[PDB]
Each structure stands twice: as structure tokens, then as C-alpha cells.
Amino acid sequence: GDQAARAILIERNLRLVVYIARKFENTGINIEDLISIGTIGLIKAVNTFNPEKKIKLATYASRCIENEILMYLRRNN
Amino acid sequence: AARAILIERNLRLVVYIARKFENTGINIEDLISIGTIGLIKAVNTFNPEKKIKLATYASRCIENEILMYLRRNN
Amino acid sequence: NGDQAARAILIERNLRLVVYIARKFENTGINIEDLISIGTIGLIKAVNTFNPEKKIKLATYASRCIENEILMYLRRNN
Amino acid sequence: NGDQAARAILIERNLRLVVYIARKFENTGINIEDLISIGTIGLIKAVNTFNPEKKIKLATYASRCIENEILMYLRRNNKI
Amino acid sequence: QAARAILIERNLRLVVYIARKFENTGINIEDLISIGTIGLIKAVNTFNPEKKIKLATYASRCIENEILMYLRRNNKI
Amino acid sequence: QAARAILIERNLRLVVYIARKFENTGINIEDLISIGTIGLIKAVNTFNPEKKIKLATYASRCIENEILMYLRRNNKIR
């Protein structure tokens with residue numbers, strides 16, 4: 001029910017995870033870790049997104065994906 | 001924490017399972033993302049008293065998530 | 001129930017959706033007749049559980065439920 | 001009641017629907033007068049349960065309720 | 001009640017007998033039967049299984065009243 | 001544990017067999033399969049095994065009834 005609704009929104013924004021993950025890729029930071037971590041942020045975005053406000057999902061998701069990655073990068077120096 | 005330890009410690013498992021689907025021609029980046037969803041489902045639904053190890057249960061959930069995604073779109 | 005009369009209207013209005021989706025799974029050598037039946041079950045579940053004041057259209061939600069029912073049928077029989 | 005006035009407006013607005021649907025079911029052994037009354041009960045139920053927040057016309061919804069009352073009446077009286 | 005349905009269905013003829021006495025207007029008998037049936041439903045929903053007035057007489061009044069109010073609302077009787 | 005899908009899957013060809021009976025009705029078979037399936041769903045949800053009637057017997061009655069109601073409602077020859 002609610003699960004299927006979130007799956008639709010998650011799967012439509014997967015490329016957004018990759019796009020942001022590639023920005024943070026460089027020496028020592030493996031892209032495959034960043035895709036996973038970023039995907040976690042996308043899941044958090046879809047679960048907390050409020051469609052009754054004027055921020056589009058892709059913009060709110062971008063913020064959550066970045067945030068998840070930055071906190072991973074700070075946790076692992 | 002706790003759950004976040006289990007997830008971060010098994011990110012490589014997603015890559016290992018996703019590479020099994022190389023011959024589908026589907027972008028490995030998308031499979032990894034899809035498989036990560038499977039890994040997060042496995043952690044959220046484990047129950048350690050069922051006598052099944054978390055790595056094997058997660059292997060199933062990761063492979064299954066990818067399989068459903070591939071058949072849903074083929 | 002008046003709710004069931006409304007659900008019946010939206011199910012019958014969208015039987016074509018079951019066919020359009022069922023026909024995509026024809027390469028998985030299962031009879032189209034079975035796929036329509038299984039897909040219809042997913043349409044019934046969609047209309048029964050759809051939340052109209054959420055932001056997902058009925059056709060989008062029902063396509064997901066029709067797919068999910070077929071995919072569960074394919075995984076049970078493989 | 002204000003809500004009674006609103007329901008009255010909607011019932012009277014769709015009485016043509018009762019007659020048209022009843023005429024479709026008129027047959028030998030089935031009195032049109034009975035079908036109009038039975039159909040009118042279906043219309044009353046439609047207006048009392050209709051939800052405008054959904055995406056179904058009242059007329060679409062009413063006609064379904066009208067048909068359903070007439071069908072159950074014919075099944076109940078063994079006129080299938 | 002489930003017994004409401006029985007009371008209504010076997011008083012359907014009552015609606016016709018009353019509605020037929022108003023077909024000296026310019027309103028179709030079909031609409032009068034529909035309106036009278038509203039009067040019958042109102043009577044059954046507001047009937048007391050007692051008192052010195054019982055179903056048939058109370059239903060006749062409500063059926064006639066609804067038809068009268070429908071015709072007066074459209075400026076006939 | 002609650003998987004009643006064994007019952008439903010076992011009666012799918014019953015839907016097609018009944019829907020083929022209306023070959024002479026000008027309704028596409030795809031619609032009749034869906035409508036019949038609705039009938040099978042109602043059968044399994046209201047089947048009483050304590051009564052003396054087999055499920056496939058009761059299921060056929062609801063499958064055919066669902067189709068007949070759909071055809072009457074749409075003014076099609078039965």
C-alpha cells in the first residue's frame with residue numbers, strides 16, 4: 001500500500017543518486033559506496049517528503065542524498 | 001547506529017550480488033542502487049532468532065530486489 | 001456498501017490497464033488468460049487501497065499493483 | 001436541514017436518470033411503475049453516500065446505484 | 001432495519017394510486033411516482049410502530065405531501 | 001499461513017471456461033476474464049466449507065453471475 005507508493009518515487013529518482021554520487025567521487029572514495037550511501041538518503045527523502053509544500057521532490061531528495069554522503073565522508077574522515 | 005553499522009559493513013555484499021547480473025546489459029550503477037534497497041529491507045526485517053545469518057538473509061533480499069526490478073522492466 | 005459501488009466503477013473503467021500490462025509479460029511463456037486474471041487481482045487491490053488525496057495517480061498506483069501481483073505469481077511458479 | 005436541501009437538489013436533478021434506466025429494464029411481467037420506485041431508492045442511496053472528493057461523476061455513480069437496486073429487486077423476485 | 005425493505009416494497013402500489021390522482025397536471029406520471037416514492041421512504045424512516053395512526057395512513061399523507069410540495073414548488077397545485 | 005492463493009490459482013481455468021461460454025456476446029474475451037476473476041475473488045471470500053457445496057461448484061456460480069450482471073448492466077445479449 002504505502003510501500004508501493006514509496007517504491008515508485010524511489011525508483012524514479014535513482015539516476016539522481018548516481019549523478020550526485022559522481023560529484024563526490026575521487027581518490028579513495030569509491031563510487032559504489034557513494035551510490036549505496038546516496039540511495040539511503042533518497043529513501044529518507046521519500047519517507048519524509050511533504051507534497052503539500054512547494055519544494056519539488058527531486059530538490060528535497062538532492063538535499064537528503066548530499067547530506068547522507070557528507071555525513072558518511074565526515075564519519076570516515 | 002547499530003543498524004547503521006550493519007548496513008555500512010555490508011555495502012560490498014550489494015556489489016558482489018549485483019555483478020552476478022552483468023549479462024543483462026543493465027547499468028551496474030542502477031543495480032547497486034536497487035540492491036541497496038534490498039539490503040536496507042533485510043536489515044529492517046531481520047529477526048535474529050530465526051537461525052538464519054544476516055549475510056545469507058541479506059543476500060536473498062538483495063538478489064530478489066534486483067530480480068523483481070529486472071523482470072518488472074523487461 | 002456505497003464504497004464498493006464506487007470501487008466497482010473504477011475497476012471496470014480500467015480493465016484495459018490489466019491487458020496493456022499483462023501483454024508485456026507474454027515472453028515469460030505463461031498464458032495471457034492467466035496473466036489477465038492475476039493482473040485483475042492487482043487492479044482490485046489497487047482500487048481498494050488507493051489514497052485519493054495522496055499525490056500518486058490511480059493509473060500509476062494500479063500499474064504498480066498489477067505488476068506486483070504478476071511478479072508474485074511468476075516468482076511462486078519458478 | 002441545510003444538508004436535506006442539498007440532497008433534495010441532487011435527487012431532483014437526476015430523476016431523469018431513474019426513468020431512463022427503468023425503461024431499459026421494462027419487460028413482460030415487470031411493471032415500469034415498480035422499476036421507477038426501485039430506481040428512485042437507488043438514487044436516494046447514491047446521493048446519501050456520494051463523495052465529491054473522488055473523481056466519479058454523481059451521474060455515473062447514481063446510475064450505478066440505480067442499476068444495482070433494480071438488479072437486486074429483479075433477482076429477489078425471480079425475474080433475473 | 002431489514003424489515004424496512006419489506007414495508008417499502010409492498011407499499012409501492014400506494015405511491016401509484018396517489019400519484020394517479022395528480023395526473024391532471026402537466027407533469028409526467030413517471031416523475032410523480034419518483035417523487036411519491038421519496039415520500040414513502042420518508043414515512044417509513046419516520047414511522048412509529050404504535051400510535052393511533054399506522055403505516056398506510058401515515059405513508060399516504062407523506063406521499064401526497066411530497067407530491068403537493070413538488071407541484072407547488074414548480075407552481076401548479 | 002493465510003495464503004489462500006492456492007485456492008484462487010487452482011480455479012483460474014474455471015474463469016476462462018466460463019468466459020468462453022459467452023463467445024456469442026459482443027464483449028471481448030479479455031473483459032470477461034477480468035469480470036469472471038472478480039467473481040472468483042468474491043467466491044473465495046464468501047465460501048463456507050461447512051455447507052455441502054464444493055468450492056468449484058460455488059465458484060462457477062459466482063463467476064457466471066458476475067459476468068451476467070456485467071452484461072445485463074451494459075445491455076448486451078447473454
Side-chain angles (χ1 to χ4, degrees), chain C residues 4-5 7-23 25-26 29 31-48 62 65-66 69-70 72-74 76-77, chain D residues 25 27 64 67-68 70-72 74-76 78-80, chain F residues 3-5 7-8 11-49 55-78:
Chain C
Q4 214 183 150
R7 283 138 51 195
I9 294 165
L10 294 163
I11 292 174
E12 295 175 21
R13 171 146 189 78
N14 293 289
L15 301 185
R16 302 305 290 133
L17 186 60
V18 174
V19 178
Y20 301 146
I21 293 177
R23 284 212 181 286
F25 293 90
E26 254 178 327
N31 279 175
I32 185 61
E33 295 105 347
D34 304 285
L35 291 173
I36 291 170
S37 271
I38 296 134
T40 297
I41 292 189
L43 172 58
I44 296 162
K45 294 183 176 178
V47 169
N48 293 335
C65 296
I66 295 156
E69 205 69 25
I70 292 171
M72 285 191 292
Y73 180 83
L74 297 178
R76 273 200 314 278
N77 294 87
Chain D
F25 285 98
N27 232 331
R64 186 75 179 213
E67 290 159 355
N68 280 357
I70 290 175
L71 288 173
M72 289 186 295
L74 298 176
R75 184 170 173 263
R76 169 185 322 121
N78 314 289
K79 303 275 150 240
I80 42 83
Chain F
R4 62 189 165 109
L7 292 183
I8 278 161
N11 300 265
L12 285 195
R13 211 82 197 249
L14 190 58
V15 169
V16 189
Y17 156 80
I18 291 177
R20 296 231 166 95
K21 295 185 182 302
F22 304 88
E23 178 185 351
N24 288 325
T25 299
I27 296 288
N28 193 295
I29 182 68
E30 297 164 346
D31 292 334
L32 303 179
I33 291 176
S34 284
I35 293 305
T37 302
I38 290 175
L40 172 61
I41 300 301
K42 294 179 178 178
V44 295
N45 292 349
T46 70
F47 183 48
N48 175 264
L55 172 132
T57 298
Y58 179 67
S60 319
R61 195 150 51 230
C62 320
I63 290 165
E64 195 162 333
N65 178 82
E66 200 70 17
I67 287 175
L68 292 170
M69 286 301 176
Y70 180 84
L71 297 183
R72 298 188 187 110
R73 180 192 313 283
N74 287 294
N75 313 111
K76 299 303 175 188
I77 191 174
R78 271 78 74 196

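In what follows, chains are A, B, ... by sequence order, proteins preceding strands, each numbered from 1. The basis for the numbers below is simple: all heavy atoms, side chains too, and nothing from hydrogens, waters or symmetry mates.
In this structure, F:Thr37 contributes its side chain and C:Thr40 its backbone to no donor-acceptor pair below 3.5 Å. Between the side chain of F:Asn11 and the backbone N or O of F:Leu7 there is at least one donor-acceptor pair closer than 3.5 Å. A distance-only check finds a donor-acceptor pair linking the side chain of F:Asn28 to the backbone of F:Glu30 [under 3.5 Å].
Within a 6.0 Å radius of CZ in D:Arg75, other residues, nucleotides and ligands contribute 12 heavy atoms or fewer.
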Just distance, no hydrogens or angles: give the donor-acceptor pairs under 3.5 Å from side chains in residues 63-70 of chain F, sequence neighbours left out.
{"unit_1": "F:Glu66", "atom_1": "OE1", "unit_2": "F:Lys42", "atom_2": "NZ", "d": "3.4"}
{"unit_1": "F:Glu66", "atom_1": "OE2", "unit_2": "F:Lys42", "atom_2": "NZ", "d": "3.0"}

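In this structure, CD1 in F:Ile33 is found 12.0 Å from CD1 in F:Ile18, a value given to the nearest 0.5 Å. C:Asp34 CG to C:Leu74 CG: the interatomic distance, rounded to the nearest 0.5 Å, is 10.5 Å.
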- Message: Quick one, F:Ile27 with F:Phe22, criterion side chain to side chain contact (heavy atoms under 4.5 Å, CB included). Give me CA distance, side-chain angles, the key distance, then yes/no.
- Response: CA-CA 8 Å; F:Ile27 296 288; F:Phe22 304 88; over 6 Å; no
- Hey, mind stepping through C:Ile44 and C:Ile11 against side chain to side chain contact (heavy atoms under 4.5 Å, CB included) and telling me if it holds? CA-CA 6 Å; C:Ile44 296 162; C:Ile11 292 174; 3.9 Å; yes
- Stepwise side chain to side chain contact (heavy atoms under 4.5 Å, CB included) test for F:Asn45 and F:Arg4: CA-CA 10 Å; F:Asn45 292 349; F:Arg4 62 189 165 109; 2.8 Å; yes
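F:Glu23 has no carboxylate O lying under 4.0 Å from a charged side-chain N of F:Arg20, or vice versa, which leaves the two without a salt bridge.
The minimum heavy-atom distance linking F:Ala43 with F:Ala59 is given by the pair CB-CA, 3.8 Å. Of all heavy-atom pairs spanning C:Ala8 and D:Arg64, the tightest one is CB-NH2, 3.4 Å.
For the 3.5 Å distance criterion, the side chains of F:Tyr17 and F:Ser60 fail to qualify, holding no donor opposite an acceptor.
The side-chain contact (heavy atoms from CB on, under 4.5 Å) test with C:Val18 singles out one residue from C:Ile38, C:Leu35, C:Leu43, and that residue is C:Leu43.
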